[PDB]
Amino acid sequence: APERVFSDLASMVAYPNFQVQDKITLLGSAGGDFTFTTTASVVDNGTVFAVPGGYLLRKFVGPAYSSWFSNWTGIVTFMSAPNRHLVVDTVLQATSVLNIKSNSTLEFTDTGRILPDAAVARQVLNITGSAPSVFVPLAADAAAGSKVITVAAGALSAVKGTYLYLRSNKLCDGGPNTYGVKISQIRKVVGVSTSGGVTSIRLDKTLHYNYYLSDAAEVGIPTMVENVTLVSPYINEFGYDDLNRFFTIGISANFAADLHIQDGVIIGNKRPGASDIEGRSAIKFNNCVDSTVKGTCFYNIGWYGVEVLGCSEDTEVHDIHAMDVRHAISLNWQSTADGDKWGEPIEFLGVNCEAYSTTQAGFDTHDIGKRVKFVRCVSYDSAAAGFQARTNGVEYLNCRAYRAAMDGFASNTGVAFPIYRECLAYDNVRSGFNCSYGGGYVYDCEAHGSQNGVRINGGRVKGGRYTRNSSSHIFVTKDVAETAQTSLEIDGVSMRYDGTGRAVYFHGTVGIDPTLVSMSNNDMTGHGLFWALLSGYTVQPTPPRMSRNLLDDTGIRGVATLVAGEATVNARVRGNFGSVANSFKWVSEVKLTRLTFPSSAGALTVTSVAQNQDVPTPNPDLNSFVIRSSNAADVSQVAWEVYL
């Protein structure tokens, strides 16, 4: 006195003559210090409470806490304004969507949880801006690289620091784009200037496509939700499936800039091991810029872990863990069955992500999107592929895929040249790398334990090591005979024999011309006569160009001494001189160099290749060739080396 103290809220709210300078205190589960006022205030029953005469305002600096609030509704209310920092330190029971606004932070303590409504499977968190409500056209073409776009003076108000959404009817070009999605981008206004009836707006970042007037290039002002941080969000909890408690999408964002999601866990918008539900993504970024997800764990998810779509630019996914999901990460298309759509993701980075037991590819893109990179990601036990590229030129560095039901890494129909650098595939059922749909670049990669190491129709396999492939290490083939075969270069690969499949398998069945392949400097040791596998040929095909490969490691070098311009040499010289259709006619390259220089030196040649035919098993140490001189007096000492 002047000191008011209550032991419950019902008390504090029921007091009838609060004075604007009372010292008000509340003791209990939501306790604290309040201030009376008659100023109109938004009631949320957490920070602002209604009472006879007016309101009670909580006194505090720093963030607010969920444990202050009477109910989920109050939470929702409190978060509906921008600039709000909340710490979820209690177990919230959701009955509606929670929308986050600009410059807001939702932070979880280890105890905090948002549990979805068991009565209605719906969305949990929305971070939601909106597309511009009117567009104006560009006053002139703006090429890729432009820092400035121009509009008619007066046409729109370009406020420095805000965003713009541009679009045209030019199609997205990251990949095949079969839905014919159109181009768009989001940029920030950092400079504005009018002169001569044109406004020039300088953008933060340059344009990545041609924005032409012939394509109806326009621009408008989107309402963006910016600067949102979700710290350790915990959505749902184990045992959700016995309560039949689900949700649709966990965290859905659209038109958001600088949305950063750190750690947290998201569980169960499907039953464990259950099948997939279209659209039930854990986190969804649609038209998001400069947004990231780092270290979040996803369990038991109906659709994608992280879904990136629209003109999402500069998005990073780091260190995530996803178990029992359709795709850990997926860059998506948009169906235009119901009209026009704009945006493919541009500049996407996945780094250090782990996916287990996905029902479809572990890490995937659809058929649009530009500049996609996967770095040090790994896939385990996928029901499909470890990694699937469906847009053009996806890059993978040091990725790994184990025990995929299908392929470790794969492109798809009409996709062009993914790049795999030092990627490892282990024990995937069908193949390590399947890029027979339209070439690939397989550089310093490894594939072990599949039917075939690499399935390829054109491109390059440079370096790397292949083992334990039942059929062959490299399989030259196509997805369908209508696809084109192109040049294939196989240079510096270890494709040794280890008692399983052969080195290379040429697929005659679908129109493979072996001469379109060049094999240089590869270690094919131990395959003997069975380095190649051929099938589907009706005429013996010409073999590929083959320079200095290794086929054997014994009796592959030596010195002979000519006698009357001849010398028989026992070595592991080999060849096939038959004419079976599915086979090559070939023979060992034998490099000859003279080491003594008699006056009767003649021109050297290899003739009479003989191969031991013992039974049941032939002995290659008894193969032999003859070194013959063009001079019949030759008694040179000649060094020899056997290659393939």
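The numbering used is simple: start at 1 and walk along the sequence shown.
K.L.:
Per the record, averaged over C-alpha atoms, which has the higher B-factor: 543-551 or 217-225?
P.N.:
According to the entry, 543-551 carries the higher average C-alpha B-factor.
K.L.:
Could you check which stretch, 226-234 or 552-560, carries the larger mean CA temperature factor in the entry?
P.N.:
Comparing 226-234 with 552-560, the higher average CA B-factor belongs to 552-560.
K.L.:
Of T150, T568, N398, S431, which one's C-alpha B factor is largest in the deposited record?
P.N.:
In the PDB entry, the greatest C-alpha B-factor among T150, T568, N398, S431 is found at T568.
K.L.:
Taking the values exactly as deposited, rank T315 by C-alpha B-factor within its chain and report the matching third: lowest, middle or highest.
P.N.:
Answer is middle: the recorded C-alpha B-factor places it there.
K.L.:
What third of its chain, lowest, middle or highest, does the C-alpha temperature factor of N352 fall into?
P.N.:
Ranked within chain, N352 CA B lands in the lowest tercile.
K.L.:
What third of its chain, lowest, middle or highest, does the C-alpha temperature factor of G339 fall into?
P.N.:
CA B-factor rank for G339: highest third.
K.L.:
Considering every modelled residue of the chain and its Cα B-factor in the PDB entry, is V480 in the lowest, middle or highest third?
P.N.:
Within its chain, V480 is a highest-third residue by C-alpha B-factor, going by the deposited values.
K.L.:
Among the modelled residues of this chain, does the Cα B factor of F135 put it in the lowest, middle or highest third?
P.N.:
For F135, whose C-alpha B-factor we compare with every modelled residue in the chain, the answer is the middle third.
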